[PDB]
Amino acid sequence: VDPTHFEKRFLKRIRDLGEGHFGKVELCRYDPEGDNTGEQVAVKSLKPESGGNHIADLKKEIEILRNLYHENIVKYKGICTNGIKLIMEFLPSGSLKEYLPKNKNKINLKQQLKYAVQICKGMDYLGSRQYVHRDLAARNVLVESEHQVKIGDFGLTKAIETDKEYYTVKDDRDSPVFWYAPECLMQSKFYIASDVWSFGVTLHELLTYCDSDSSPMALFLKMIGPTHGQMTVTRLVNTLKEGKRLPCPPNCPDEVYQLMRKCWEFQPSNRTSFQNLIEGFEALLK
């Protein structure tokens, strides 16, 4: 018997956890004994509404996650099998976007920086395997406990080819543009340093406890224009070309803000690394 093979007949849907266009994630219980004692699992599958290219994408995501093993990367459990489903561990506390606003009193600057280190460690692991994540935002970072976070979704993750510095995304459908580096918006080119940019934006979110009024979208839209529709991204590029970045969060030391700023150097080659960030945060923690 294969422990990563989940039979459809025992995989019982409890509720929806998240939904996009063409895909969804559900809370299921895997209950082979039929008495509600089975393990809860997060199940990602494709919607009938979805096109044909979306199945290939889900299969590639599965193969990526199947082979990643890290304390700060969400655990692959298996598959339920043309159509297919990805089975992952379920973390009840959900994402930082959901968890931080409800837990401010429990989570001080020290714990915020400890989470930041954990995000950087999972991301550095991903980078060592030549993947660019392309969706690094607080909503995709899961809370295991008050002491542990995990990178939690790999829907947009792509492999960077050997002897190559970036992946060019042909279809950039529903990209998180307010987390994206200039090269990503301008040329659809994704480097490891592009995830470092995104990490800086995620660090901002963490430091603001994912408050919606000071969210990356909100603050950038105030900077450029709430535009503007079709012109949003090109105006956003122009504001970034001018040198304008998200401001220092309230109660955020300049030292932490300077680490953030190094994520947002206009050129990818001049950005900080995840390892440099870890060392920076670790020196602030001691």
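Numbering starts at 1 and runs along the sequence shown. Definition used throughout: the rigid core is the maximal C-alpha set that superposes within 1.5 Å between two forms.
K.L.:
Comparing C-alpha positions in 9 other deposited structures of this protein against this form, with the rigid core used for the fit, which stretch differs more, 54-62 or 22-30?
P.N.:
The more displaced stretch in 9 other deposited structures of this protein turns out to be 22-30.
K.L.:
Core-aligned, RMS over all structures and residues: is 167-175 or 202-210 the stretch with the greater C-alpha displacement in 9 other deposited structures of this protein?
P.N.:
Evaluated in 9 other deposited structures of this protein, the stretch farther from the shown form is 167-175.
K.L.:
Check whether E39 has no coordinates in at least a third of the other compared PDB entries of this protein, counting only entries that model residues on both sides of it.
P.N.:
Looking at the other entries that model residues on either side of it, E39 is present in every one.
K.L.:
Does the comparison with other PDB entries of this protein show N82 lacking coordinates in a third or more of them, where both adjacent residues are built?
P.N.:
Other entries vs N82: at least a third skip it.
K.L.:
What number of deposited residues lacks coordinates in the span between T168 and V169: none, 1 to 3, 4 to 9, or 10 or more?
P.N.:
Per the record, no deposited residues are absent between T168 and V169.
K.L.:
Per the PDB record, is the mean Cα temperature factor higher over 121-129 or over 159-167?
P.N.:
The stretch with the larger mean CA B-factor is 159-167.
K.L.:
Mean C-alpha B-factor higher for 105-113, or for 169-177?
P.N.:
Mean C-alpha B-factor is greater for 169-177.
K.L.:
Going by the deposited entry, which of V256, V41, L68, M223 has the highest CA temperature factor?
P.N.:
Reading the PDB entry, the winner on C-alpha B-factor is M223.
K.L.:
Looking at the entry's B-factor column for C-alpha atoms only, identify whether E98 ranks in the lowest, middle or highest third of its chain.
P.N.:
Highest third, going by the recorded CA B-factors of the chain.
K.L.:
Pull the Cα B-factor of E61 out of the PDB entry and bin it into the chain's lowest, middle or highest third.
P.N.:
Its C-alpha B-factor, which the entry lists for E61, ranks in the lowest third among residues of this chain.
K.L.:
Which third, lowest, middle or highest, does the CA B-factor of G83 fall in along this chain?
P.N.:
Highest third.
K.L.:
Taking the C-alpha B-factors as the PDB entry records them, is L219 in the lowest, middle or highest third of its chain?
P.N.:
For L219, the deposited C-alpha B-factor lands in the highest third.
K.L.:
Splitting the chain's C-alpha B-factors into thirds, which one does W264 fall into?
P.N.:
Middle third.
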